[PDB]
Amino acid sequence: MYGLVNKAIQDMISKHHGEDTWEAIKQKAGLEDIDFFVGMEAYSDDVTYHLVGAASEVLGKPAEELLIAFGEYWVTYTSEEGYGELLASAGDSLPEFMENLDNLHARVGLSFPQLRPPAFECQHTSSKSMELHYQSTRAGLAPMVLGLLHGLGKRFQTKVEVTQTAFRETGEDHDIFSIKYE
Ligand SMILES: C[C@H]([C@H](C(=O)Nc1cc([C@@H](CC(=O)O)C2CC2)ccc1Cl)c1ccc(Cl)cc1)C(F)(F)F
Ligand SMILES: [Cl-]
């Protein structure tokens, strides 16, 4: 993934648990070489997987929980690190933001040539409900989408309840989320 992801994890861990913990997570990840992450630089996906696995050990939390928390932190963090305007352009309500996802990724992919964006398909099901189909080149990140949705809820001051209705883990073609909202 691009450095920005890893920076965000470092920053989420650092603010919530201080620096020496970061550094131990870092060493346990096998990442002592690497001095700092470069935001626009492509890294191997394992750097991120190993960061998450190592934070899970050091902090005594499932990787999945850490992933939910990352998903919550990620929109706010990117909005403050140079992507504020861009996220603002993707809309003024949660459902408008969902529908703009693909066009947002098209714009992001101008600046990040090797972006592998996930596929998001949104069905507006009832008035306070949506169904979100999620397909990724990466495995295991459904809990992050959950947290991200919560983050979007907060962004647009909209109450959100999210339930995963289908899991790739059980052998379904893709992750599906039912989303109920304010
Ligand atoms: C709003 C965000 C959207 C984003 O995070 N997109 C995204 C997500 C991933 C996931 C994993 C994956 O499924 O491959 C990696 C972050 C771990 C990889 C590639 C991309 Cl382009 C987004 C956020 C900020 C900005 Cl600045 C632009 C886009 C979402 F996910 F909800 F769509
Ligand atoms: Cl990517």
# chains A, B, ... in the order shown; residues from 1 in each chain; ligands from 1

$ residues_around --residues "residue 64 in chain A" --least-positions-apart "2" --cutoff "12 Å" --atoms "only C-alpha atoms" --output "number ranges by chain"
A: 49, 52-53, 55-56, 60-62, 66-71, 140-147

$ residues_near_ligand --ligand "ligand 2" --cutoff "9 Å" --atoms "only C-alpha atoms and all ligand atoms" --output "PDB file with C-alpha atoms, in the first residue's frame"
ATOM      1  CA  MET A   1       0.000   0.000   0.000  1.00  0.00           C
ATOM      2  CA  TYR A   2       1.102   3.668  -0.221  1.00  0.00           C
ATOM      3  CA  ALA A  42       4.533   2.414  -2.676  1.00  0.00           C
ATOM      4  CA  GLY A 109      -5.576   7.499  -9.139  1.00  0.00           C
ATOM      5  CA  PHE A 112      -1.217   7.603  -7.337  1.00  0.00           C
ATOM      6  CA  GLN A 114      -0.492   2.300  -9.017  1.00  0.00           C
ATOM      7  CA  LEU A 115      -3.561   2.696  -6.813  1.00  0.00           C
ATOM      8  CA  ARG A 116      -5.579  -0.576  -6.531  1.00  0.00           C
ATOM      9  CA  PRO A 117      -8.854   0.888  -5.375  1.00  0.00           C
ATOM     10  CA  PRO A 118     -11.492  -1.403  -3.970  1.00  0.00           C
ATOM     11  CA  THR A 137      -7.560  -6.913  -4.247  1.00  0.00           C
TER      12      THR A 137
END

$ select_by_dssp --residues "chain A" --states "strand (DSSP E)" --output "MDAnalysis selection string"
chainID A and resid 119:124 129:135 160:166 175:181

$ write_last_selection --atoms "C-alpha atoms" --output "short mmCIF file (atom, residue, chain, number, x, y, z; two decimals), in the first residue's frame"
data_model
loop_
_atom_site.label_atom_id
_atom_site.label_comp_id
_atom_site.auth_asym_id
_atom_site.auth_seq_id
_atom_site.Cartn_x
_atom_site.Cartn_y
_atom_site.Cartn_z
CA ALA A 119 -14.79 -1.82 -5.86
CA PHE A 120 -17.76 -0.27 -3.96
CA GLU A 121 -21.35 -0.72 -5.24
CA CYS A 122 -24.05 0.96 -3.24
CA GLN A 123 -27.81 0.17 -3.48
CA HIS A 124 -30.17 2.79 -1.99
CA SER A 129 -30.92 2.20 4.53
CA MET A 130 -28.23 1.19 1.94
CA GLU A 131 -26.57 -2.01 0.83
CA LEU A 132 -22.79 -1.79 0.13
CA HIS A 133 -20.94 -4.39 -1.92
CA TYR A 134 -17.20 -4.35 -1.28
CA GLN A 135 -14.55 -6.12 -3.41
CA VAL A 160 -25.03 5.00 11.28
CA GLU A 161 -25.59 1.33 11.97
CA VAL A 162 -23.65 -1.18 10.00
CA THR A 163 -23.94 -4.95 9.80
CA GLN A 164 -21.99 -7.27 7.59
CA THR A 165 -24.51 -9.62 5.85
CA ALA A 166 -22.07 -11.58 3.66
CA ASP A 175 -18.41 -8.69 1.38
CA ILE A 176 -21.83 -7.09 1.72
CA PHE A 177 -22.81 -4.55 4.39
CA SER A 178 -26.27 -3.44 5.33
CA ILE A 179 -26.14 0.17 6.44
CA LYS A 180 -29.01 1.96 8.39
CA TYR A 181 -28.69 5.84 8.88
#

$ closest_residue --among "A:156, A:97, A:83, A:167" --to "ligand 1" --atoms "only C-alpha atoms and all ligand atoms"
A:83

$ closest_residue --among "A:12, A:40, A:98, A:110" --to "ligand 1" --atoms "only C-alpha atoms and all ligand atoms"
A:98

$ atom_distance --atom1 "CA of residue 148 in chain A" --atom2 "atom 22 (C, counted along the ligand's line) of ligand 1"
9.2 Å

$ atom_distance --atom1 "CA of residue 93 in chain A" --atom2 "CA of residue 3 in chain A"
28.4 Å

$ select_by_dssp --residues "range 5-167 of chain A" --states "alpha helix (DSSP H)" --output "ChimeraX atom specification"
/A:5-17,19-28,45-59,63-79,84-89,94-99,101-111,142-155

$ atom_distance --atom1 "CA of residue 5 in chain A" --atom2 "CA of residue 182 in chain A"
29.2 Å

$ closest_residue --among "A:14, A:136, A:126, A:103" --to "ligand 1" --atoms "only C-alpha atoms and all ligand atoms"
A:136

$ closest_residue --among "A:139, A:65, A:10, A:150" --to "residue 35 in chain A" --atoms "only C-alpha atoms"
A:10

$ residues_around --residues "residue 155 in chain A" --least-positions-apart "3" --cutoff "9 Å" --atoms "only C-alpha atoms" --output "VMD selection string"
chain A and resid 75 to 76 93 to 94 150 to 152 158
